[PDB]
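One structure is given below, encoded as structure tokens.
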Amino acid sequence: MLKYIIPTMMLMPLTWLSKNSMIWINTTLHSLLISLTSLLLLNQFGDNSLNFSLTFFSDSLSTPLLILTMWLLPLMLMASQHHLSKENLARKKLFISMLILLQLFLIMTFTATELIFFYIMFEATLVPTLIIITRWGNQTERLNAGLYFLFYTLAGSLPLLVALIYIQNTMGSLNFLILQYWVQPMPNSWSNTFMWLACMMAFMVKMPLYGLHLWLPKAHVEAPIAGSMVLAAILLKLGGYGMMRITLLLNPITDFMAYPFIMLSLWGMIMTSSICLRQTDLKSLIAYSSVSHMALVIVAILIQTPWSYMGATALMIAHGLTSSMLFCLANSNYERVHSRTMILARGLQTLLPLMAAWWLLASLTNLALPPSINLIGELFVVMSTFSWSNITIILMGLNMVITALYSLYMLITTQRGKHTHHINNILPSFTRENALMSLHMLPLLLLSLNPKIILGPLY
Amino acid sequence: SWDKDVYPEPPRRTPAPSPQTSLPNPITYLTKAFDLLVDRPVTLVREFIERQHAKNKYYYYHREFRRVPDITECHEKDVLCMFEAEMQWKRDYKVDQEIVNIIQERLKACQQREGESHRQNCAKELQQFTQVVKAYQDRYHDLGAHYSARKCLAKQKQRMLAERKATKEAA
Amino acid sequence: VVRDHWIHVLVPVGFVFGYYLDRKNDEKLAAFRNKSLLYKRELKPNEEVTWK
Amino acid sequence: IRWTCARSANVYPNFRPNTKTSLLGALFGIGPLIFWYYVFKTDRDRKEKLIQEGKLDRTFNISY
Amino acid sequence: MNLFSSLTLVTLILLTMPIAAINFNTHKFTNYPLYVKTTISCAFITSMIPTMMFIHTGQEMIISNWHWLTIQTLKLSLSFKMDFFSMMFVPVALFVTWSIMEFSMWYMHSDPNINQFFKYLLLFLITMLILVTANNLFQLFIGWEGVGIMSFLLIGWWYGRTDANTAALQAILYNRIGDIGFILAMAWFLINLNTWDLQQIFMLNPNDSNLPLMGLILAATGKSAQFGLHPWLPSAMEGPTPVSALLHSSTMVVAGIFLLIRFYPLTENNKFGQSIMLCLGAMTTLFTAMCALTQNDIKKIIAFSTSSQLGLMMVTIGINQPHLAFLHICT
Amino acid sequence: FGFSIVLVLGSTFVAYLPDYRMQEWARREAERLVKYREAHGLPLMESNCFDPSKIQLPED
Amino acid sequence: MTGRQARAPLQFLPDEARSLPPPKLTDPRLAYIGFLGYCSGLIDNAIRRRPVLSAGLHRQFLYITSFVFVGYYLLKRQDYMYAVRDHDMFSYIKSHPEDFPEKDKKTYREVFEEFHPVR
Amino acid sequence: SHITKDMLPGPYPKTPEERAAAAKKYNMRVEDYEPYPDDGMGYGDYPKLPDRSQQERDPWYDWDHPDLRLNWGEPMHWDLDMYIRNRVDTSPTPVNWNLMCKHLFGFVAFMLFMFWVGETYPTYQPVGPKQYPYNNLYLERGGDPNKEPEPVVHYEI
């Protein structure tokens, strides 16, 4: 695994000692090389995980997320120019090295063994997101966005540390195996309820669950495109990965103590799909869409079926790709007109007649068009929750209906019917945005063909 | 190829149509021309590819493992017995699921080949399906997501103790 | 053509380096060379190895 | 611009917690949640007690 | 028979060249309408043969291959089945669509966006075919949402015209209420018969079946313009003419009753089920015939007539007579 | 270096590799085991996966 | 935990510390310390306006040397401290057998733990 | 750019200078500026409009924005995202609203009651059940190979 760690380090002094018109080719080329390098990883088989050291290992939950990270970096690094190429050379170099240090801590986080090391790398994942979104937050409340951001994430993720240290010095060390092979059930004293509440509540904050999603919309409407793609895809599915691991302990009380959170997630899934039907600020619709899919994720995690975990990891990866793509398209439209509002920039079936093809394709994946992965995820989660109860399918289907209608509203609102004909500045599509769309939607359809890779440990 | 022992087939049954017409028989003309004009060149090409691959020989071996003992012959915490125990158990778990898959494919083949008389001469295969799936339902069903081995043995002990109390009360 | 530019050659050198170091670390981690109950044959035919 | 800034950012200022605001807040925010909570308790306690009797149709119910 | 399976699979795969062709050509073929028409004609003449072989003797066969995510106790391969309905419906739909290809060669003489129009129309045909053929029920769900979304695009062909995309919004919404019914049906079959495949459903016939039958009923009354969920139909007539013709001649209009036809062994019994069937269909038929009087737009009239005939087919499923309803579909 | 070396090579490399999580191994192993348990009469898929001789119920 | 022969004066490295294995050449921790020293010299260029990577090469070599040295002595002290903690633990184990009794290995043929299924 | 005092804190009071300010700000007639009022629901000081307004505004005026009936400077009714045509069409109906709902509920209620009258009273053409050949066509229903014969016969009548 250090074979992946150390070139990701050595991609950083690269970016320092290149120059003008010289940083870019090196960073992008070598980051794609690292993407092939971790495409080499997928060996994982049968009996257990595979151990990359006395220290690192990979569950098959961790392999597709890790490959998704190393896929998503060069895409991002191409995507985040033309809104900062006119800024200074030193600040631009600082930006690229910030993202590389970010990816380094994400690989550190996904290939963890010890949950304390996982926690350190969790908040080391946090601190570059802050600096990026505050330094290029590009609107007047990036202040409040970063402030809300860091205090929700830390003050939720703070007692998680205390609970894990307590488990450390009541049950020996913290390999995931020695967390396994030695876990004994823990009954319903109220201390157990608070310990479960601490761990699950910290990751609930990071998903988000419904009562703590106003963390999100400021932190995506006032972000640059790089930090937004980072934040959405890698950080929300990182929180889900954490709960997916540490739910191995504390199964004998999760049944008794899981009832409020499921109901919060269900009624909030309906409410969030409703609230993204009427907002302006098109950038924020993807954020509330993300809360809807993560609410479905949380339903899938708290029910504990192998069906549910297969659906959960597929829904993770497909929603990560959908949201990262759709953020990149919304940034394309904001590069066109300086609005961010929804009802302004209209028309565009006429003009840029193939930008609309990518809008159509992403909108139908967010619909969950059926050969895609997102329907695989949502369908298996609905199967598992119907075996959970004979009643919840009202909520899931009504989620499907309202999800269809807001996603279609995003499609046919801004890109259908009449150009406002006082725009007269939009350029025909560059090669770059076409390349970014091409890098999103080739792997989504290629996994739509052969998806046995991305299903979880309980394959 | 496969083992026809484990994938049984019903014995073949085919009649010969005897017109009793004078148009006659367009589809016979078409199927003879089909065989002569489709089935000949692919036969020659498969001959060619068969020689080109049988010029040198490979083999792939069916992998086989041993039998490390059990969870019941493992000590308190003592990982180095439990590790072999659980990998032995989990490989039995995967092969047991695929046995269920094979029973279900037999059941589908019986549905299609026996035709619209459903309940004729699939009922022994239906019988063994309900038998094996009663076993699977009793043994691996309600353990949930983090099945390791210990919940499996807990289900085992608790089940047979409940049955022991039931037969003690019935006697 | 190495002294033309050495910037671009760095990350495969680093990749080979980390790969070599993981080889050395797992070969320092050479306990239980044959002592499993499930993978245990004799050393054969010549030199005393089953994974390196 | 004026409509958008009125619609989103000029909500939280301005506000005071009135009887109408607090009443409708606790009604349309907590009401459906607590209602759905009790009905899923009821359905789950039915199904748990019923398969605790053992007379459910789970003769083959593998895909749980 | 190798001839039988070979000719059916090439009736599939002949509908797969032209999309990849103008996705790969970029040198604009002038002969593109003639090309799509002649491949639909060749698919027709390949489809005439094995249906006549089927009526000639029987030999009634399924294909099943390329299993992907054979995960737990279940499995799912791409698989489709030649019995009677998916056997000899496909010539009628190909024949109708072949004539509409002619008619849209002429009718759409005056648009440069004609090539994309034929790509969408052939794509809609592919999805209607993979809907009507399959027995692996996930593939049916694939065909379901694909014919829904091709209906969306070809209703909203003429962009502009705020009434048109309004209408397309109604169409895709009632498709999703068909989807909530259909996925409830899939839920019950998975959790109580360890698969979702037609054959094992028929093999192990259950007793209590009211929840999946209500799901299937919701699927049909969403999909095929029946009462309560009907009025996306003049809405569907907002679009262009040959789109509307194919949309409500055979393809996409019969997919609601196609499913209830396909589950005739399950809807043998449960007289509560057959009562729901024929009472709902009689309601649809009277309401759309009563609404069909005093109308003056032609396409609204023809659509209301097609809703009336579909209500007759719902009544025909209400009586235990599925094959007459299939006869009604083709005629 | 983004499609011409990544995309099609990744398509080959993940289109096939060995039996990821022991799939076809399990197919053929179950084939041979069910053929054995037909060819020696004993019932296929014995319930009670652990041996009841090596079990000890606690008592009342 | 407390000295433990503060009697027996402060004694930065005891003469009983010449039995442990020393930290070897190019051990990774002092390699990290040298990286920190290189970075310290680099920011030492960077505070004032003297240019980075150059015109300070004696200072870079100086900071590398000094930090690697100080880390070397502290690595030796660190290894000694863990050695004395382990030996005192095992001495208190062997000193009283009366209070750390041998847990006889109840193997899993007889150990009873309940089930509590997640449906 | 955008002035600080073109945002909008606080409702109506006091009526001289604040209503003059909102009339200068939102570009309206002075005594047609209506705040909501202040029940504290948020809502700031944005106007009330006549609220239907989109199957209104007859389409031959030839304003600026063609599919929205805008004129670049109207103060833009608060709930506009619910009123783009394609979302909610509030036409003046050809009949009423009350007459509509009473007749629709009446028709569907009467027809469902007639369905219940059908459900209690079937038709049948007067014919007994069929004469299945082997014991109500046994052995070819659900199974039962040698368990029990179920003797029931048919007579020529």
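Ligands are numbered from 1 in the order shown, residues from 1 within each chain, and chains are lettered A, B, ... in the order they appear in the structure tokens.
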| query | Contacts of residue 211 of chain E at 10 Å or less, counting only C-alpha atoms, minus same-chain residues fewer than 3 places along, as a PyMOL selection string? | reply | (chain A and resi 390) or (chain E and resi 181+184-185+187-188+208+214-217)
| request: Within 6 Å of segment 143-154 of chain B, counting only C-alpha atoms, which residues show up once you throw out same-chain ones fewer than 3 positions away? Write them as a VMD selection string, please. | output: (chain A and resid 304 to 306) or (chain B and resid 157) or (chain G and resid 114 to 115 117 to 118)
| message | Need to verify the contact set: segment 196-200 of chain A, 8 Å, only C-alpha atoms, exclusion of same-chain residues closer than 3 positions in sequence. Can you return it as a list in words? | response |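 That gives residues 159, 160, 163, 192, 193, 203, 204, 243, 250 and 254 of chain A.
Here atom CA of residue 198 of chain E and atom CA of residue 13 of chain E stand 23.7 Å from one another.
Coordinates place atom CA of residue 107 of chain A at a distance of 23.1 Å from atom CA of residue 165 of chain A.
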Using only C-alpha atoms, I'd like every residue of chain G that has an atom within 10 Å of chain B; please write them out as a CSV table (one decimal) with C-alpha atoms, in the first residue's frame.
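Saved result, result_2.csv, follows:
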```csv
chain,number,residue,atom,x,y,z
G,103,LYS,CA,-7.8,-18.6,33.0
G,104,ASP,CA,-8.5,-22.2,32.1
G,105,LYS,CA,-9.4,-22.3,28.4
G,106,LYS,CA,-13.2,-22.9,28.2
G,107,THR,CA,-13.2,-24.0,24.6
G,108,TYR,CA,-16.3,-23.3,22.6
G,109,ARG,CA,-17.9,-26.7,22.8
G,110,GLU,CA,-19.2,-25.7,26.2
G,111,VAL,CA,-19.3,-21.8,26.2
G,112,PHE,CA,-22.9,-20.5,26.0
G,113,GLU,CA,-23.7,-17.2,24.5
G,114,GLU,CA,-27.1,-16.2,23.2
G,115,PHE,CA,-28.2,-15.2,19.7
G,116,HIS,CA,-30.6,-12.2,19.5
G,117,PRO,CA,-31.2,-12.2,15.7
G,118,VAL,CA,-31.2,-9.2,13.5
G,119,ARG,CA,-34.1,-9.8,11.2
```
| query | What residues in chain B lie within 9 Å of chain C, counting only C-alpha atoms, written as a PyMOL selection string? | reply | chain B and resi 65-68+84
Restrict the selected residues to C-alpha atoms and save them as a JSON list (two decimals), in the first residue's frame.
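part_13.json, written as the output of this step:
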```json
[["chain", "number", "residue", "atom", "x", "y", "z"],
["B", 65, "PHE", "CA", -8.51, -27.40, 0.10],
["B", 66, "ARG", "CA", -7.96, -29.51, 3.19],
["B", 67, "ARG", "CA", -10.14, -29.74, 6.33],
["B", 68, "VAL", "CA", -8.84, -27.72, 9.28],
["B", 84, "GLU", "CA", -8.55, -21.35, 10.19]]
```
| task | Return the single residue from C:33, C:4, C:10, C:18 that is closest to chain A, with distances computed using only C-alpha atoms. | result | C:18
| field | Which of chain B DSSP labels alpha helix (DSSP H), written as a count of residues only | value | 99
| request: Tell me, as a list in words, which residues lie within 8 Å of segment 173-177 of chain A, counting only C-alpha atoms; anything in the same chain fewer than 6 positions away does not count. | output: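 Surrounding residues, per the criterion: residues 113, 114 and 115 of chain A.
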| When you draw a straight line from atom CA of residue 51 of chain G to atom CA of residue 68 of chain G, how long is it in Å? |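 Atom CA of residue 51 of chain G sits 24.3 Å away from atom CA of residue 68 of chain G.
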Would you mind listing what lies within 8 Å of segment 34-38 of chain E as a short mmCIF file (atom, residue, chain, number, x, y, z; two decimals) with N, CA and C atoms, in the first residue's frame, with only C-alpha atoms counted and same-chain residues fewer than 6 positions away left out?
```cif
data_model
loop_
_atom_site.label_atom_id
_atom_site.label_comp_id
_atom_site.auth_asym_id
_atom_site.auth_seq_id
_atom_site.Cartn_x
_atom_site.Cartn_y
_atom_site.Cartn_z
N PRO E 18 -27.81 0.14 -36.22
CA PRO E 18 -27.87 1.53 -36.71
C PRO E 18 -27.57 2.60 -35.67
N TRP E 98 -42.65 -0.69 -39.16
CA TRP E 98 -42.10 -0.58 -40.50
C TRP E 98 -42.93 0.37 -41.35
N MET E 101 -42.29 3.85 -40.15
CA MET E 101 -41.02 4.34 -40.68
C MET E 101 -41.21 4.95 -42.05
N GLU E 102 -42.00 4.29 -42.91
CA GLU E 102 -42.37 4.90 -44.19
C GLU E 102 -43.06 6.24 -43.99
N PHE E 118 -35.00 9.32 -35.87
CA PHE E 118 -35.01 7.88 -36.11
C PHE E 118 -34.21 7.11 -35.08
#
```
| field | 6 Å contacts from chain D to chain H using only C-alpha atoms, as a ChimeraX atom specification | value | /D:11,14-16
File dump, residues just selected, N, CA, C and O atoms, as a JSON list (two decimals), in the first residue's frame:
```json
[["chain", "number", "residue", "atom", "x", "y", "z"],
["D", 11, "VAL", "N", -34.44, 35.22, 5.13],
["D", 11, "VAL", "CA", -35.42, 34.56, 5.98],
["D", 11, "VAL", "C", -35.01, 34.61, 7.43],
["D", 11, "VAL", "O", -35.78, 35.06, 8.29],
["D", 14, "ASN", "N", -35.45, 38.14, 8.79],
["D", 14, "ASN", "CA", -35.94, 38.41, 10.12],
["D", 14, "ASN", "C", -37.00, 37.43, 10.60],
["D", 14, "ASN", "O", -37.74, 36.85, 9.81],
["D", 15, "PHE", "N", -37.09, 37.30, 11.91],
["D", 15, "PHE", "CA", -37.91, 36.29, 12.55],
["D", 15, "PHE", "C", -38.08, 36.65, 14.02],
["D", 15, "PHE", "O", -37.21, 37.29, 14.62],
["D", 16, "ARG", "N", -39.22, 36.26, 14.58],
["D", 16, "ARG", "CA", -39.40, 36.15, 16.01],
["D", 16, "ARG", "C", -40.22, 34.89, 16.25],
["D", 16, "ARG", "O", -41.08, 34.54, 15.42]]
```
| request: List every residue of segment 51-103 of chain E that DSSP, applied to the backbone of this structure, assigns to strand (DSSP E), and report them as an MDAnalysis selection string. | output: chainID E and resid 62:67 77:81
Quick one: write out the picked residues with N, CA, C and O atoms as an mmCIF file, in the first residue's frame?
```cif
data_model
loop_
_atom_site.group_PDB
_atom_site.id
_atom_site.type_symbol
_atom_site.label_atom_id
_atom_site.label_comp_id
_atom_site.auth_asym_id
_atom_site.auth_seq_id
_atom_site.Cartn_x
_atom_site.Cartn_y
_atom_site.Cartn_z
ATOM 1 N N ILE E 62 -36.871 -21.438 -24.208
ATOM 2 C CA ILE E 62 -36.329 -20.260 -23.552
ATOM 3 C C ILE E 62 -34.834 -20.243 -23.771
ATOM 4 O O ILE E 62 -34.198 -21.293 -23.927
ATOM 5 N N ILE E 63 -34.271 -19.037 -23.766
ATOM 6 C CA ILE E 63 -32.833 -18.842 -23.790
ATOM 7 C C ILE E 63 -32.452 -18.108 -22.514
ATOM 8 O O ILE E 63 -33.237 -17.308 -21.988
ATOM 9 N N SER E 64 -31.227 -18.347 -22.041
ATOM 10 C CA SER E 64 -30.788 -17.784 -20.762
ATOM 11 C C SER E 64 -29.268 -17.807 -20.688
ATOM 12 O O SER E 64 -28.683 -18.887 -20.582
ATOM 13 N N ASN E 65 -28.629 -16.639 -20.670
ATOM 14 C CA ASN E 65 -27.174 -16.627 -20.673
ATOM 15 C C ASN E 65 -26.632 -15.333 -20.086
ATOM 16 O O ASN E 65 -27.362 -14.365 -19.858
ATOM 17 N N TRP E 66 -25.314 -15.347 -19.874
ATOM 18 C CA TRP E 66 -24.505 -14.240 -19.368
ATOM 19 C C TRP E 66 -25.026 -13.755 -18.012
ATOM 20 O O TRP E 66 -25.526 -12.643 -17.855
ATOM 21 N N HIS E 67 -24.927 -14.649 -17.037
ATOM 22 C CA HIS E 67 -25.362 -14.314 -15.696
ATOM 23 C C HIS E 67 -24.357 -13.391 -15.036
ATOM 24 O O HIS E 67 -23.149 -13.616 -15.096
ATOM 25 N N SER E 77 -29.602 -13.824 -15.158
ATOM 26 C CA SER E 77 -28.933 -13.743 -16.440
ATOM 27 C C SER E 77 -29.817 -12.966 -17.389
ATOM 28 O O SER E 77 -31.005 -12.777 -17.128
ATOM 29 N N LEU E 78 -29.261 -12.522 -18.506
ATOM 30 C CA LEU E 78 -30.165 -11.980 -19.502
ATOM 31 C C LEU E 78 -30.802 -13.179 -20.182
ATOM 32 O O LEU E 78 -30.108 -14.088 -20.647
ATOM 33 N N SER E 79 -32.122 -13.224 -20.158
ATOM 34 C CA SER E 79 -32.840 -14.432 -20.505
ATOM 35 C C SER E 79 -34.167 -14.010 -21.094
ATOM 36 O O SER E 79 -34.822 -13.124 -20.545
ATOM 37 N N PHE E 80 -34.579 -14.645 -22.186
ATOM 38 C CA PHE E 80 -35.942 -14.389 -22.624
ATOM 39 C C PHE E 80 -36.546 -15.619 -23.273
ATOM 40 O O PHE E 80 -35.849 -16.548 -23.686
ATOM 41 N N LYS E 81 -37.873 -15.614 -23.330
ATOM 42 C CA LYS E 81 -38.628 -16.848 -23.408
ATOM 43 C C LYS E 81 -39.614 -16.783 -24.560
ATOM 44 O O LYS E 81 -40.325 -15.793 -24.731
#
```
| Could you pull the residues within 10 Å of residue 289 of chain A, counting only C-alpha atoms, minus those fewer than 2 positions along the same chain, as a VMD selection string? | chain A and resid 269 272 to 273 275 to 277 284 to 287 291 to 295 319 323 366 403 406 to 407
Dump of N, CA and C atoms for the selected residues, as a PDB file, in the first residue's frame:
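Result written to again.pdb:
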```pdb
ATOM      1  N   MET A 269     -36.237  11.912   4.319  1.00  0.00           N
ATOM      2  CA  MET A 269     -36.013  11.640   2.913  1.00  0.00           C
ATOM      3  C   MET A 269     -37.149  12.199   2.076  1.00  0.00           C
ATOM      4  N   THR A 272     -36.882  16.052   2.167  1.00  0.00           N
ATOM      5  CA  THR A 272     -35.768  16.614   1.421  1.00  0.00           C
ATOM      6  C   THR A 272     -36.010  16.537  -0.072  1.00  0.00           C
ATOM      7  N   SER A 273     -36.568  15.417  -0.538  1.00  0.00           N
ATOM      8  CA  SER A 273     -36.976  15.362  -1.933  1.00  0.00           C
ATOM      9  C   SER A 273     -38.058  16.383  -2.242  1.00  0.00           C
ATOM     10  N   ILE A 275     -38.213  19.380  -0.652  1.00  0.00           N
ATOM     11  CA  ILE A 275     -37.647  20.721  -0.554  1.00  0.00           C
ATOM     12  C   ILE A 275     -36.744  21.021  -1.739  1.00  0.00           C
ATOM     13  N   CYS A 276     -36.255  20.009  -2.446  1.00  0.00           N
ATOM     14  CA  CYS A 276     -35.523  20.287  -3.671  1.00  0.00           C
ATOM     15  C   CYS A 276     -36.412  20.288  -4.889  1.00  0.00           C
ATOM     16  N   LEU A 277     -37.680  20.624  -4.732  1.00  0.00           N
ATOM     17  CA  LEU A 277     -38.560  20.724  -5.874  1.00  0.00           C
ATOM     18  C   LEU A 277     -38.830  22.170  -6.238  1.00  0.00           C
ATOM     19  N   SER A 284     -27.671  24.073  -5.441  1.00  0.00           N
ATOM     20  CA  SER A 284     -28.146  23.479  -4.195  1.00  0.00           C
ATOM     21  C   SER A 284     -29.081  22.296  -4.396  1.00  0.00           C
ATOM     22  N   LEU A 285     -29.687  22.158  -5.579  1.00  0.00           N
ATOM     23  CA  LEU A 285     -30.557  21.013  -5.816  1.00  0.00           C
ATOM     24  C   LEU A 285     -29.776  19.719  -5.767  1.00  0.00           C
ATOM     25  N   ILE A 286     -28.540  19.737  -6.264  1.00  0.00           N
ATOM     26  CA  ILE A 286     -27.705  18.552  -6.199  1.00  0.00           C
ATOM     27  C   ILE A 286     -27.363  18.244  -4.751  1.00  0.00           C
ATOM     28  N   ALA A 287     -27.211  19.279  -3.925  1.00  0.00           N
ATOM     29  CA  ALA A 287     -26.921  19.066  -2.513  1.00  0.00           C
ATOM     30  C   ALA A 287     -28.094  18.404  -1.805  1.00  0.00           C
ATOM     31  N   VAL A 291     -28.584  14.654  -0.041  1.00  0.00           N
ATOM     32  CA  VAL A 291     -29.162  14.298   1.251  1.00  0.00           C
ATOM     33  C   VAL A 291     -30.224  13.219   1.094  1.00  0.00           C
ATOM     34  N   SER A 292     -30.980  13.249  -0.007  1.00  0.00           N
ATOM     35  CA  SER A 292     -31.991  12.213  -0.249  1.00  0.00           C
ATOM     36  C   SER A 292     -31.366  10.830  -0.416  1.00  0.00           C
ATOM     37  N   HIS A 293     -30.342  10.739  -1.258  1.00  0.00           N
ATOM     38  CA  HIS A 293     -29.651   9.465  -1.418  1.00  0.00           C
ATOM     39  C   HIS A 293     -28.938   9.025  -0.143  1.00  0.00           C
ATOM     40  N   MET A 294     -28.391   9.950   0.642  1.00  0.00           N
ATOM     41  CA  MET A 294     -27.743   9.512   1.872  1.00  0.00           C
ATOM     42  C   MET A 294     -28.735   9.081   2.933  1.00  0.00           C
ATOM     43  N   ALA A 295     -29.947   9.624   2.907  1.00  0.00           N
ATOM     44  CA  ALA A 295     -30.979   9.124   3.803  1.00  0.00           C
ATOM     45  C   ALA A 295     -31.324   7.689   3.464  1.00  0.00           C
ATOM     46  N   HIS A 319     -24.061   7.156  -6.438  1.00  0.00           N
ATOM     47  CA  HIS A 319     -24.412   8.526  -6.124  1.00  0.00           C
ATOM     48  C   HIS A 319     -23.195   9.429  -6.094  1.00  0.00           C
ATOM     49  N   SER A 323     -23.365  12.740  -8.409  1.00  0.00           N
ATOM     50  CA  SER A 323     -23.292  14.068  -7.815  1.00  0.00           C
ATOM     51  C   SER A 323     -22.035  14.804  -8.248  1.00  0.00           C
ATOM     52  N   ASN A 366     -29.629   9.903 -12.350  1.00  0.00           N
ATOM     53  CA  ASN A 366     -30.189  10.353 -11.082  1.00  0.00           C
ATOM     54  C   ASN A 366     -31.658   9.980 -10.968  1.00  0.00           C
ATOM     55  N   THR A 403     -38.423  12.113  -6.658  1.00  0.00           N
ATOM     56  CA  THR A 403     -37.079  12.188  -7.204  1.00  0.00           C
ATOM     57  C   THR A 403     -37.111  12.316  -8.709  1.00  0.00           C
ATOM     58  N   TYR A 406     -38.296  16.126  -9.431  1.00  0.00           N
ATOM     59  CA  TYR A 406     -37.348  17.233  -9.325  1.00  0.00           C
ATOM     60  C   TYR A 406     -36.185  17.049 -10.293  1.00  0.00           C
ATOM     61  N   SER A 407     -35.736  15.808 -10.518  1.00  0.00           N
ATOM     62  CA  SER A 407     -34.632  15.601 -11.450  1.00  0.00           C
ATOM     63  C   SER A 407     -35.030  15.995 -12.859  1.00  0.00           C
TER      64      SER A 407
END
```
| field | chain A contacts on chain D, only C-alpha atoms, 7 Å, as number ranges by chain | value | D: 33, 36-37, 44, 64
